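Protein chains in written order, with this note's numbering: chain H, 336 to 597; chain F, 336 to 597; chain Z, 987 to 1054; chain P, 987 to 1054; chain C, 586 to 857; chain X, 118 to 176; chain U, 34 to 89. In this text, a Cβ means the ideal position worked out from N, Cα and C, and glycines have one as well. Everything on this sheet refers to the single structure shown next.
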Amino acid sequence: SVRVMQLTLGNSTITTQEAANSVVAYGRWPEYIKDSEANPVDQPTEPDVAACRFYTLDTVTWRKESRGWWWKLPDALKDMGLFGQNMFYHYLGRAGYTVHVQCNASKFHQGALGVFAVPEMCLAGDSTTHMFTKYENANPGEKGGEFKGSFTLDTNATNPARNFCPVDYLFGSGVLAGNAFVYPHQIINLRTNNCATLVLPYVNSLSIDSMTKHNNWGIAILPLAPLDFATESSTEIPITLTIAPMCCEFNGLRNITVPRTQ
Amino acid sequence: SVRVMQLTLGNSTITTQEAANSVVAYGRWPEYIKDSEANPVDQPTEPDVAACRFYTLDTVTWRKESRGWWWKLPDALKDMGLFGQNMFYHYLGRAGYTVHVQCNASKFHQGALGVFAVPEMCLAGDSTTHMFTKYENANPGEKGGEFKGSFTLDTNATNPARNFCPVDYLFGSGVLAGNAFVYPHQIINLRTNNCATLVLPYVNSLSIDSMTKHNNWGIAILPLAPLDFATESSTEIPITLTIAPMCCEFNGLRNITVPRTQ
Amino acid sequence: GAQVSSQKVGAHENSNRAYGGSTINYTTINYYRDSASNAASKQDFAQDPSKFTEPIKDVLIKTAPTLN
Amino acid sequence: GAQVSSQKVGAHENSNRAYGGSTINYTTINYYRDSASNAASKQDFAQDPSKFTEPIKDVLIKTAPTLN
Amino acid sequence: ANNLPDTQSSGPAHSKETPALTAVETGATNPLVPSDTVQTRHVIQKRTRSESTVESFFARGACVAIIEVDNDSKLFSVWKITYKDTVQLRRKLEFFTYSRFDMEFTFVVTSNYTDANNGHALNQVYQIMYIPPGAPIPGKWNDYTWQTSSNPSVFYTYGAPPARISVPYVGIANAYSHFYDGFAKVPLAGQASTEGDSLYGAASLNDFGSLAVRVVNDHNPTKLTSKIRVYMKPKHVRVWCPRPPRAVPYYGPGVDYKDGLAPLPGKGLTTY
Amino acid sequence: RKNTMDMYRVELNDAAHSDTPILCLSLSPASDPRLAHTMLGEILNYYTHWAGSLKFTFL
Amino acid sequence: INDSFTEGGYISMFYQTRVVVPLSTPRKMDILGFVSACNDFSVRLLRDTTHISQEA
Ligand SMILES: COc1ccc(OCc2ccc(COc3c(Cl)cccc3Cl)cc2)c(Cl)c1
């Protein structure tokens, strides 16, 4: 039925008994580069089962006060097994994804989470200096980031944070959040479903790019209807994020990249 | 001609203008596991170009006093790019190799090196305790080891070295070195060739095995005729070893193995 | 289920039986189900030593120059 | 009254006899009238475990929901 | 196991073909025959290599163990199955890296009175029980383990022709390894040195199990000793990867050496 | 719990998410104490070698 | 038998999210585990078990 599914990729399987169908972004399933759209001339590496499998990133907790969370792809998976290895050993890389967000509660809980997949999800910074966010802050990895309820300008001139300041109702980029529904999405309304499943093809203005310099997709999760339970002002339910890269192919092998951190 | 060749694997090419043909061990070219000889049921990973390419291990120097050198496969390549990554991430692994030994001199130099590829190259230890050599000593990695001119028993009971003591004329295993010619080999006689090239298929009593627990091939280089030059008692010529794994396929993916060292 | 093979007669008796007939044949019948119980037939084949004697990639003629 | 069956050859000798002929067959003859005196043929069949593994009245598919 | 080629007559030569010259650097052996370097006559070859086939080379029962039992815990003995307790068969097997065959075991049993003028006993019956790795090992010459409801046992009556049984290819790999360049464990980073340590060149701690031998008769105060000599013959043989034979004395189950390291005698370079 | 009906029960709770294991086992079907006495383990103890796939069902 | 050469690996279980129950519901519950062989499973070399003994 629309509600029961099983996803198998490599050596990993995911089962769900409360789905609300699955979304295939823009109606496009991920695919490899065709010869007619090929650019780099060298033989690509395609790890296949070693990289195209389900990786579970860290679990976040939803509370009445949560504003939202965000992650960047392939960034969030840079340290994930052999996918991360191939990402750092190659100059160029390409991949699609199957994003599976998990969140179960009970029949006496309420709340709705909007799960959006955004191509080129550029976020707003914290200073008066334009495009000032530094690489280390823009790429948090598997832990991702969070949305805020208001904009707060960083004034420390001696030691600028050079970080993002994504305000939730402004979708972290100066647009109204209610219009974010034009992007592939699903809603995890506690009275209806457990999860959200989105299949994302590779989207870019090029056939292949640098995975370290460029993040193709952004995953934004916003509480559309806040978490509430029985009478417990105190309520916490975890949100686990499991993502699997698809049709990975890398070009331009050399020595490994070791990016600067923190 | 028998003397000029070019080997291309992945993004690496080797050229030689003074070869003496190439040896294909036991007349078998490396191949992948056939369905009729398959054992582990999971889908294998085949890195292909990312792992099957030429890796240059450290250069050793040949002097009038050198006794010989040895390496173990896949051990010597455990830290080599994506080949090493796949080796450590998988429980099982299989690979063949193209071993290219390099050694050029001049028309006024003499010397002959015997290059042997030995399946299950077990070496002799240094103590009265049988099979006492410890894992860390048996697996030196890319730096490999050396042969000795005589057997010297380790007597330190408090701190036994638990190392090998490979005597050269005993082929490091209690057999006469002159009979080592029953193993696939080539000879680098300075007046004739620059190198030795050996193509090694996967040899084992199983179709696939643990690459960390077991070394399939051993490479032994012994000075059959010592290095000599003009009148320079002082002469040193480097010996570079370049090896390329072939038809790599791994099974049993999990978390990465981090072996104990030194 | 009898297997009848012929022997390779070494020393010959002054008989025609030493040169022909069932007199230079031997009979065999397996009594056990497991092949392990069987004796060795000893009608064993040979092969080409080339895999050891000439494991060379580019085949060479003895009359022709090895180093070319 | 001889019964000739074939063996399942495990280790093969470097002979063609190890791959064919009466050399991979074994012969049997019963000497006693009572079947109790007979040896075990060991050419034994198998069966479906379903009577134990799935003694269910309404047959179900693994892909399909068990509880329907 | 066949014929050798005939020698063809060969006359004189004056050509640009020089089979006598070669280059052993290639790793190949020069396939010359007499007619390549001398004038030969035609000889019809009748010699064959029938006795040097891999099968005929091993087709002999070799002693691999001498198990002893004293019928006055010695009332029973246990022998860990191996081919390395003796040297002769071991050296022949080690001409190759891997092997695959069936085995035939013949047991020669001898016994005698320790005392020239004392004691007496009725004819002895022996039980040779095979204990596959995992099965319970006997603690007493008469405990429950000797019931052999599943383990294969051989009951031998003293004086009868030597007992004999056949064993199939029982390896857990596709061939037996005469050499194993590895360990059964990989020491992991962080664990105590006591951890992850194993013998070099060893596979399973108990490869093939062992044999438990005992005299079934009730022991009499008489002093008696028996010895079971185990003979094994590989039949239906296949071998892979030749290796040079052992030149120095064996020093354990491994390739370790220690003592007879100078096997060759002296001989003048120009002395016939 | 061993040697009582409680040896078969593994308890879970509604506590906040933790990354620590609920249970751990080694794939030694004939020797691991938790597997050695199941019908599968009992049969494996009458044989020296085993090969094949296994499946664990949780209720 | 327990032997490193033929070791099989590890089985473990973790919470993906967490067990959630509403009010008036038990906060602790049990799970039971079952094990069986697949259709490609086989055993060989009949031997005696250590699971049964007999004293005297
Ligand atoms: C590479 O060379 C090899 C490989 C394996 C070997 O031993 C394997 C082996 C396994 C089981 C048995 C058990 O055999 C027996 C039985 Cl069922 C019943 C009674 C007596 C015996 Cl004796 C005997 C040998 C030997 Cl000796 C040499």
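Inter-residue spacing [alpha-carbon to alpha-carbon] between residue i and residue j
i	j	result
H:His549	F:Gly507	54 Å
H:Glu400	H:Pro561	8 Å
C:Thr856	Z:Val995	44 Å
residue 321 of chain H	C:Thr607	Outside the displayed span of chain H (336 to 597) sits residue 321 of chain H, for which this structure offers no information.
Z:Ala1026	P:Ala1004	9 Å
F:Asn356	C:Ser762	32 Å
H:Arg402	F:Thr391	53 Å
F:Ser347	F:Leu576	14 Å
H:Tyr361	H:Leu511	21 Å
F:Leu557	C:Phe642	32 Å
H:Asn374	H:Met546	16 Å
H:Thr463	X:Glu128	55 Å
C:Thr682	C:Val824	8 Å
F:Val534	F:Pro365	8 Å
Endpoints, the beta strand (DSSP E) within which residue i is located
i	result
Z:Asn1002	No beta strand (DSSP E) holds Z:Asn1002; DSSP gives it neither H nor E.
C:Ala598	Taken as a continuous stretch (DSSP letters only), C:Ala598 belongs to no beta strand (DSSP E), as it is neither H nor E.
Z:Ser991	989-992
U:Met46	43-46
Listed by chain order, chain A residues near residue i by CB distance under 7 Å
i	result
C:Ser735	No chain A is part of this structure, whose protein chains are labelled H, F, Z, P, C, X and U.
Host alpha helix (DSSP H) of residue i (start-end)
i	result
C:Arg676	673-678
X:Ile160	156-161
F:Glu584	Not the alpha helix (DSSP H): F:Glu584 falls in the beta strand (DSSP E), residues 572-588.
U:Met62	Note, U:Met62: premise wrong, no alpha helix (DSSP H); beta strand (DSSP E) at 61-64.
C:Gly719	Segment: none, C:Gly719 is in no alpha helix (DSSP H) and carries neither H nor E.
F:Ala473	470-473
F:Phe418	416-424
Cβ-based burial, residue i [other Cβ within 10 Å; buried from 16]
i	result
H:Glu584	buried
F:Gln521	buried
H:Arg388	buried
X:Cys141	exposed
P:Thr1009	buried
F:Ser542	buried
C:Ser778	exposed
C:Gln776	exposed
F:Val450	buried
H:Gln352	exposed
H:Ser569	exposed
U:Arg80	buried
F:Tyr432	buried
Residues that residue i contacts on chain F, provided the C-beta gap is smaller than 9 Å
i	result
H:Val384	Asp377, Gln378, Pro379, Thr380, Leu588
H:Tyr424	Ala385, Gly416, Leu417, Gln420
Per-residue contacts from residue i into chain C (C-beta, under 7 Å)
i	result
U:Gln87	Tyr729
X:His166	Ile757
Z:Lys1037	Near Z:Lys1037 there are no residues of chain C at all, since even the closest Cβ is about 10 Å away, more than 7 Å.
Residue i: contacting residues in chain P (beta-carbon distance under 7 Å)
i	result
C:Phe686	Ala997
Contacts of residue i in chain P (Cβ-Cβ under 9 Å)
i	result
C:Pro753	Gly996, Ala997
C:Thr638	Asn1000
Closer than 7 Å: residue i CB and nearest ligand 3 heavy atom
i	result
F:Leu541	Among the ligands modelled here, namely ligand 1, ligand 3 does not occur.
Neighbour list for residue i in chain U, Cβ cutoff strictly below 9 Å
i	result
X:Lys172	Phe67, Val68, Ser69, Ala70, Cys71
X:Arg126	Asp63, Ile64, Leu65
Contacts of residue i in chain Z (Cβ-Cβ under 8 Å)
i	result
P:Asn1054	Result: empty, since nearest Cβ-Cβ is about 49 Å, beyond 8 Å.
Contacts that residue i makes with chain P (C-beta to C-beta distance below 8 Å)
i	result
Z:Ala988	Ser1008, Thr1013
Proximal residues of chain U, C-beta to C-beta of residue i below 8 Å
i	result
C:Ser778	The contacting residues do not exist; C:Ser778 stays about 16 Å from chain U at best.
Exercise for the section: Using a Cβ-Cβ cut-off of less than 9 Å, list which residues of the segment 1021-1033 of chain Z approach chain P; keep chain order. Expected result: Under the 9 Å Cβ criterion, the segment 1021-1033 of chain Z contributes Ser1021, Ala1022, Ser1023, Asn1024, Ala1026, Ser1027, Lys1028, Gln1029, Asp1030, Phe1031, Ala1032, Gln1033.
Problem - Contact residues within the segment 542-572 of chain H, judged by C-beta distance below 7 Å to chain X - result: So the close ones are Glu571.
Practice task
Please list the residues of the segment 811-829 of chain C that have a C-beta atom closer than 9 Å to any C-beta atom in chain F, keeping them in chain order.
Solution key: Under the 9 Å Cβ criterion, the segment 811-829 of chain C contributes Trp825, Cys826, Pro827, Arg828, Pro829.
Problem - chain F contacts made by the segment 339-350 of chain H, where a contact means CB separation under 8 Å - result: Among the residues of the segment 339-350 of chain H, those with a Cβ less than 8 Å away from any Cβ of chain F are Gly345, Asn346, in the order of the chain.
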